[PDB]
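Asks: The file below is data.cif, mmCIF, N, CA and C atoms; chains and numbers go by the auth columns:
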data_structure
#
loop_
_atom_site.group_PDB
_atom_site.id
_atom_site.type_symbol
_atom_site.label_atom_id
_atom_site.label_comp_id
_atom_site.label_asym_id
_atom_site.label_seq_id
_atom_site.Cartn_x
_atom_site.Cartn_y
_atom_site.Cartn_z
_atom_site.B_iso_or_equiv
_atom_site.auth_seq_id
_atom_site.auth_asym_id
ATOM 1 N N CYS A 1 28.290 0.223 5.836 0.00 1 A
ATOM 2 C CA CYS A 1 28.417 0.341 4.388 0.00 1 A
ATOM 3 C C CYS A 1 29.297 -0.772 3.828 0.00 1 A
ATOM 4 N N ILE A 2 28.827 -2.009 3.950 0.00 2 A
ATOM 5 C CA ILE A 2 29.571 -3.160 3.453 0.00 2 A
ATOM 6 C C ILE A 2 30.888 -3.330 4.203 0.00 2 A
ATOM 7 N N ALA A 3 31.144 -4.546 4.672 0.00 3 A
ATOM 8 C CA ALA A 3 32.370 -4.841 5.402 0.00 3 A
ATOM 9 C C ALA A 3 33.591 -4.730 4.494 0.00 3 A
ATOM 10 N N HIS A 4 34.762 -4.571 5.102 0.00 4 A
ATOM 11 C CA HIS A 4 36.004 -4.452 4.349 0.00 4 A
ATOM 12 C C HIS A 4 36.202 -5.655 3.433 0.00 4 A
ATOM 13 N N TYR A 5 36.298 -5.395 2.134 0.00 5 A
ATOM 14 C CA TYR A 5 36.485 -6.458 1.153 0.00 5 A
ATOM 15 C C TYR A 5 35.376 -7.500 1.261 0.00 5 A
ATOM 16 N N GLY A 6 34.196 -7.057 1.685 0.00 6 A
ATOM 17 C CA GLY A 6 33.070 -7.962 1.823 0.00 6 A
ATOM 18 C C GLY A 6 32.107 -7.874 0.657 0.00 6 A
ATOM 19 N N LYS A 7 31.434 -8.981 0.362 0.00 7 A
ATOM 20 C CA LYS A 7 30.477 -9.025 -0.738 0.00 7 A
ATOM 21 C C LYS A 7 29.466 -7.889 -0.626 0.00 7 A
ATOM 22 N N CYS A 8 28.915 -7.479 -1.763 0.00 8 A
ATOM 23 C CA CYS A 8 27.933 -6.402 -1.794 0.00 8 A
ATOM 24 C C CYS A 8 26.572 -6.919 -2.252 0.00 8 A
ATOM 25 N N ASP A 9 25.535 -6.122 -2.021 0.00 9 A
ATOM 26 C CA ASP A 9 24.181 -6.498 -2.411 0.00 9 A
ATOM 27 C C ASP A 9 24.098 -6.745 -3.914 0.00 9 A
ATOM 28 N N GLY A 10 25.085 -6.240 -4.648 0.00 10 A
ATOM 29 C CA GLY A 10 25.104 -6.416 -6.089 0.00 10 A
ATOM 30 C C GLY A 10 24.960 -5.104 -6.834 0.00 10 A
ATOM 31 N N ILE A 11 23.725 -4.751 -7.172 0.00 11 A
ATOM 32 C CA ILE A 11 23.455 -3.512 -7.892 0.00 11 A
ATOM 33 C C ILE A 11 23.886 -2.298 -7.077 0.00 11 A
ATOM 34 N N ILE A 12 24.084 -2.502 -5.779 0.00 12 A
ATOM 35 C CA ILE A 12 24.501 -1.425 -4.891 0.00 12 A
ATOM 36 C C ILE A 12 26.003 -1.474 -4.634 0.00 12 A
ATOM 37 N N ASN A 13 26.742 -0.594 -5.301 0.00 13 A
ATOM 38 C CA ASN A 13 28.191 -0.537 -5.144 0.00 13 A
ATOM 39 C C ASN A 13 28.581 0.455 -4.053 0.00 13 A
ATOM 40 N N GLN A 14 27.724 0.585 -3.044 0.00 14 A
ATOM 41 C CA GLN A 14 27.979 1.499 -1.938 0.00 14 A
ATOM 42 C C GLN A 14 28.947 0.882 -0.934 0.00 14 A
ATOM 43 N N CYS A 15 30.204 0.740 -1.342 0.00 15 A
ATOM 44 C CA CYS A 15 31.227 0.163 -0.479 0.00 15 A
ATOM 45 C C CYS A 15 32.235 1.225 -0.046 0.00 15 A
ATOM 46 N N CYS A 16 32.110 1.677 1.198 0.00 16 A
ATOM 47 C CA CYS A 16 33.008 2.693 1.736 0.00 16 A
ATOM 48 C C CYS A 16 34.462 2.355 1.419 0.00 16 A
ATOM 49 N N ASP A 17 34.992 1.346 2.101 0.00 17 A
ATOM 50 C CA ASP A 17 36.371 0.922 1.893 0.00 17 A
ATOM 51 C C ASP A 17 36.426 -0.502 1.349 0.00 17 A
ATOM 52 N N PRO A 18 37.582 -0.874 0.779 0.00 18 A
ATOM 53 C CA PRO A 18 38.738 0.021 0.676 0.00 18 A
ATOM 54 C C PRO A 18 38.504 1.159 -0.312 0.00 18 A
ATOM 55 N N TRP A 19 38.032 0.813 -1.504 0.00 19 A
ATOM 56 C CA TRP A 19 37.765 1.806 -2.538 0.00 19 A
ATOM 57 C C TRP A 19 36.347 1.661 -3.080 0.00 19 A
ATOM 58 N N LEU A 20 36.206 0.896 -4.156 0.00 20 A
ATOM 59 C CA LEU A 20 34.901 0.675 -4.772 0.00 20 A
ATOM 60 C C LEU A 20 34.588 -0.815 -4.863 0.00 20 A
ATOM 61 N N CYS A 21 33.313 -1.135 -5.061 0.00 21 A
ATOM 62 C CA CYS A 21 32.881 -2.523 -5.169 0.00 21 A
ATOM 63 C C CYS A 21 32.848 -2.970 -6.628 0.00 21 A
ATOM 64 N N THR A 22 33.844 -3.757 -7.022 0.00 22 A
ATOM 65 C CA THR A 22 33.931 -4.254 -8.389 0.00 22 A
ATOM 66 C C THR A 22 34.383 -5.710 -8.418 0.00 22 A
ATOM 67 N N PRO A 23 33.647 -6.544 -9.167 0.00 23 A
ATOM 68 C CA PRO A 23 32.469 -6.102 -9.920 0.00 23 A
ATOM 69 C C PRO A 23 31.304 -5.732 -9.011 0.00 23 A
ATOM 70 N N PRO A 24 30.255 -5.138 -9.601 0.00 24 A
ATOM 71 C CA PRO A 24 29.060 -4.725 -8.860 0.00 24 A
ATOM 72 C C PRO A 24 28.238 -5.914 -8.376 0.00 24 A
ATOM 73 N N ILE A 25 27.886 -6.800 -9.301 0.00 25 A
ATOM 74 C CA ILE A 25 27.101 -7.983 -8.966 0.00 25 A
ATOM 75 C C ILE A 25 27.999 -9.195 -8.746 0.00 25 A
ATOM 76 N N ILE A 26 27.949 -9.751 -7.540 0.00 26 A
ATOM 77 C CA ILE A 26 28.756 -10.916 -7.203 0.00 26 A
ATOM 78 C C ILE A 26 30.243 -10.577 -7.210 0.00 26 A
ATOM 79 N N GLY A 27 30.651 -9.715 -6.284 0.00 27 A
ATOM 80 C CA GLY A 27 32.047 -9.323 -6.199 0.00 27 A
ATOM 81 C C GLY A 27 32.389 -8.682 -4.869 0.00 27 A
ATOM 82 N N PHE A 28 33.652 -8.304 -4.704 0.00 28 A
ATOM 83 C CA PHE A 28 34.108 -7.678 -3.469 0.00 28 A
ATOM 84 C C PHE A 28 34.892 -6.402 -3.763 0.00 28 A
ATOM 85 N N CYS A 29 34.676 -5.379 -2.941 0.00 29 A
ATOM 86 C CA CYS A 29 35.361 -4.104 -3.111 0.00 29 A
ATOM 87 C C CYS A 29 36.818 -4.204 -2.666 0.00 29 A
ATOM 88 N N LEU A 30 37.726 -3.772 -3.534 0.00 30 A
ATOM 89 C CA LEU A 30 39.152 -3.812 -3.232 0.00 30 A
ATOM 90 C C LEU A 30 39.846 -2.541 -3.710 0.00 30 A
#
Take the structure in this file and express it as structure tokens.
Replies:
Amino acid sequence: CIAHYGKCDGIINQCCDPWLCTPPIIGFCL
């Protein structure tokens, strides 16, 4: 479910950790 602080597919904010994927498109979950 997306690597730690790793980029996301974009429209899919399914980032387990650390918290959420923001921004959604072209961003990293922190």
Asks: Please provide the set of residues having any atom within 7 Å of residue 3 in chain A, restricted to only N, CA and C atoms, with same-chain residues fewer than 3 positions apart removed, written as a list in words.
Replies: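 Near neighbours after the sequence-gap exclusion: residues 6, 7, 15, 17 and 18 of chain A.
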Asks: Save out the residues we just selected, N, CA and C atoms, as a CSV table (one decimal), in the frame of the given file.
Replies:
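Okay, this is what ended up in selection.csv:
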chain,number,residue,atom,x,y,z
A,6,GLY,N,34.2,-7.1,1.7
A,6,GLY,CA,33.1,-8.0,1.8
A,6,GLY,C,32.1,-7.9,0.7
A,7,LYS,N,31.4,-9.0,0.4
A,7,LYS,CA,30.5,-9.0,-0.7
A,7,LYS,C,29.5,-7.9,-0.6
A,15,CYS,N,30.2,0.7,-1.3
A,15,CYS,CA,31.2,0.2,-0.5
A,15,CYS,C,32.2,1.2,0.0
A,17,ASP,N,35.0,1.3,2.1
A,17,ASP,CA,36.4,0.9,1.9
A,17,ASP,C,36.4,-0.5,1.3
A,18,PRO,N,37.6,-0.9,0.8
A,18,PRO,CA,38.7,0.0,0.7
A,18,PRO,C,38.5,1.2,-0.3
Asks: Which residues would end up in the selection if the PyMOL selection byres (((chain A and resi 27 and name CA) around 9) and name CA) were applied here, given that I need the answer as a list in words?
Replies: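 That expression, the PyMOL selection byres (((chain A and resi 27 and name CA) around 9) and name CA), corresponds here to residues 6, 7, 8, 10, 21, 22, 23, 24, 25, 26, 28 and 29 of chain A.
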Asks: To one decimal place, how far is CA of residue 20 in chain A from atom N of residue 1 in chain A in Å?
Replies: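 Separation between CA of residue 20 in chain A and atom N of residue 1 in chain A: 12.5 Å.
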Asks: Could you give me the residues within chain A that DSSP places in strand (DSSP E or B), as a list in words?
Replies: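 After running DSSP on the backbone, chain A has strand (DSSP E or B) at residues 7, 21, 28 and 29 of chain A.
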Asks: If you measure from CA of residue 12 in chain A to atom N of residue 30 in chain A, what distance in Å do you get, rounded to one decimal?
Replies: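 So the two atoms, CA of residue 12 in chain A and atom N of residue 30 in chain A, lie 13.5 Å apart.
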Asks: Please report the interatomic distance between CA of residue 2 in chain A and atom N of residue 16 in chain A in Å with one decimal.
Replies: 5.9 Å
Asks: Regenerate range 13-27 of chain A at the level of N, CA, C and O atoms and dump it as a short mmCIF file (atom, residue, chain, number, x, y, z; two decimals), in the frame of the given file.
Replies:
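Written file, out_9.cif:
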data_model
loop_
_atom_site.label_atom_id
_atom_site.label_comp_id
_atom_site.auth_asym_id
_atom_site.auth_seq_id
_atom_site.Cartn_x
_atom_site.Cartn_y
_atom_site.Cartn_z
N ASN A 13 26.74 -0.59 -5.30
CA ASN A 13 28.19 -0.54 -5.14
C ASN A 13 28.58 0.46 -4.05
O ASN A 13 29.63 1.09 -4.12
N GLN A 14 27.72 0.58 -3.04
CA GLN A 14 27.98 1.50 -1.94
C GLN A 14 28.95 0.88 -0.93
O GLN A 14 28.56 0.54 0.19
N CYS A 15 30.20 0.74 -1.34
CA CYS A 15 31.23 0.16 -0.48
C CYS A 15 32.24 1.23 -0.05
O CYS A 15 33.10 1.63 -0.82
N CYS A 16 32.11 1.68 1.20
CA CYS A 16 33.01 2.69 1.74
C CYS A 16 34.46 2.36 1.42
O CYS A 16 35.09 3.00 0.58
N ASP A 17 34.99 1.35 2.10
CA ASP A 17 36.37 0.92 1.89
C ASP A 17 36.43 -0.50 1.35
O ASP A 17 35.46 -1.26 1.43
N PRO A 18 37.58 -0.87 0.78
CA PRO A 18 38.74 0.02 0.68
C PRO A 18 38.50 1.16 -0.31
O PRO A 18 38.75 2.33 0.00
N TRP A 19 38.03 0.81 -1.50
CA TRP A 19 37.76 1.81 -2.54
C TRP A 19 36.35 1.66 -3.08
O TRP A 19 35.40 2.23 -2.53
N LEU A 20 36.21 0.90 -4.16
CA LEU A 20 34.90 0.68 -4.77
C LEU A 20 34.59 -0.82 -4.86
O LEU A 20 35.48 -1.66 -4.76
N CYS A 21 33.31 -1.14 -5.06
CA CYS A 21 32.88 -2.52 -5.17
C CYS A 21 32.85 -2.97 -6.63
O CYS A 21 31.94 -2.61 -7.38
N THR A 22 33.84 -3.76 -7.02
CA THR A 22 33.93 -4.25 -8.39
C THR A 22 34.38 -5.71 -8.42
O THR A 22 35.37 -6.09 -7.79
N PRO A 23 33.65 -6.54 -9.17
CA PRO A 23 32.47 -6.10 -9.92
C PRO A 23 31.30 -5.73 -9.01
O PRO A 23 31.33 -5.97 -7.80
N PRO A 24 30.26 -5.14 -9.60
CA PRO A 24 29.06 -4.72 -8.86
C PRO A 24 28.24 -5.91 -8.38
O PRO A 24 27.93 -6.02 -7.19
N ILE A 25 27.89 -6.80 -9.30
CA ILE A 25 27.10 -7.98 -8.97
C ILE A 25 28.00 -9.20 -8.75
O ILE A 25 28.72 -9.62 -9.65
N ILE A 26 27.95 -9.75 -7.54
CA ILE A 26 28.76 -10.92 -7.20
C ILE A 26 30.24 -10.58 -7.21
O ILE A 26 31.00 -11.08 -8.03
N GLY A 27 30.65 -9.72 -6.28
CA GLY A 27 32.05 -9.32 -6.20
C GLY A 27 32.39 -8.68 -4.87
O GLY A 27 31.53 -8.53 -4.00
#
